[PDB]
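Undergrad: Residue numbers (PDB author numbering): 1039 to 1087. For every residue, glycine included, the Cβ atom is placed at its ideal position computed from N, Cα and C. Below is the structure I would like to discuss, written out as C-alpha coordinates.
Right under this line is the structure:
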(Lines of atoms letter the chains of each structure in order from A and count residues from 1; the text may use other names and numbers.)
(Lines give C-alpha, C1' and ligand atoms only; values in the text may rest on other atoms or scores of the structure.)
Protein backbone atom coordinates (compact mmCIF):
# COMPACT_ATOMS: atom_id res chain seq x y z
CA UNK A 1 0.00 0.00 0.00
CA UNK A 2 2.95 2.32 0.65
CA UNK A 3 4.17 1.55 -2.87
CA UNK A 4 0.69 2.47 -4.10
CA UNK A 5 0.90 5.80 -2.30
CA UNK A 6 4.34 6.24 -3.86
CA UNK A 7 3.24 5.71 -7.47
CA UNK A 8 0.59 8.34 -6.76
CA UNK A 9 -1.92 7.39 -9.46
CA UNK A 10 -5.64 7.16 -8.75
CA UNK A 11 -5.96 4.54 -11.51
CA UNK A 12 -9.64 3.92 -10.90
CA UNK A 13 -11.06 0.98 -12.83
CA UNK A 14 -13.66 3.18 -14.51
CA UNK A 15 -10.97 5.82 -14.93
CA UNK A 16 -8.62 3.18 -16.35
CA UNK A 17 -11.04 1.93 -18.99
CA UNK A 18 -12.16 5.44 -19.93
CA UNK A 19 -8.60 6.75 -20.11
CA UNK A 20 -7.29 3.90 -22.25
CA UNK A 21 -10.24 4.31 -24.61
CA UNK A 22 -9.74 8.06 -25.01
CA UNK A 23 -5.98 7.90 -25.42
CA UNK A 24 -6.22 5.05 -27.94
CA UNK A 25 -8.77 6.94 -30.04
CA UNK A 26 -6.38 9.90 -29.83
CA UNK A 27 -3.58 7.66 -31.13
CA UNK A 28 -5.60 6.45 -34.11
CA UNK A 29 -6.84 9.98 -34.87
CA UNK A 30 -3.25 11.21 -34.86
CA UNK A 31 -2.11 8.45 -37.21
CA UNK A 32 -4.99 9.11 -39.59
CA UNK A 33 -4.34 12.87 -39.60
CA UNK A 34 -0.67 12.25 -40.37
CA UNK A 35 -1.68 9.96 -43.24
CA UNK A 36 -3.99 12.67 -44.59
CA UNK A 37 -1.14 15.18 -44.36
CA UNK A 38 1.13 12.84 -46.30
CA UNK A 39 -1.52 12.31 -48.98
CA UNK A 40 -2.08 16.04 -49.45
CA UNK A 41 1.67 16.68 -49.56
CA UNK A 42 2.11 14.04 -52.26
CA UNK A 43 -0.75 15.61 -54.22
CA UNK A 44 0.97 19.00 -54.01
CA UNK A 45 4.27 17.47 -55.14
CA UNK A 46 2.49 15.93 -58.13
CA UNK A 47 1.01 19.34 -58.95
CA UNK A 48 4.48 20.91 -58.88
CA UNK A 49 5.95 18.17 -61.07
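1. Which of the three DSSP states is assigned to residue 1077 in this structure?
2. For residue 1070, which three-state DSSP category applies?
3. CB of residue 1054 to nearest heavy atom of the ligand FAD: below 7 Å?
4. Distance, Cα to Cα, residue 1045 vs residue 1082?
TA: According to the data block:
1. For the purposes of this step, residue 1077 is taken as the residue at position 39 of the chain shown. Three-state result, residue 1077: helix.
2. One-based indexing of the chain shown puts residue 1070 at position 32. In the structure shown, residue 1070 sits in a helix (DSSP, three-state: H, G or I).
3. The ligand FAD is not part of the structure shown, which contains no ligands of any sort.
4. To locate residue 1045, count along the chain shown from 1; it is residue 7. To locate residue 1082, count along the chain shown from 1; it is residue 44. Cα to Cα, residue 1045 sits roughly 48 Å from residue 1082.
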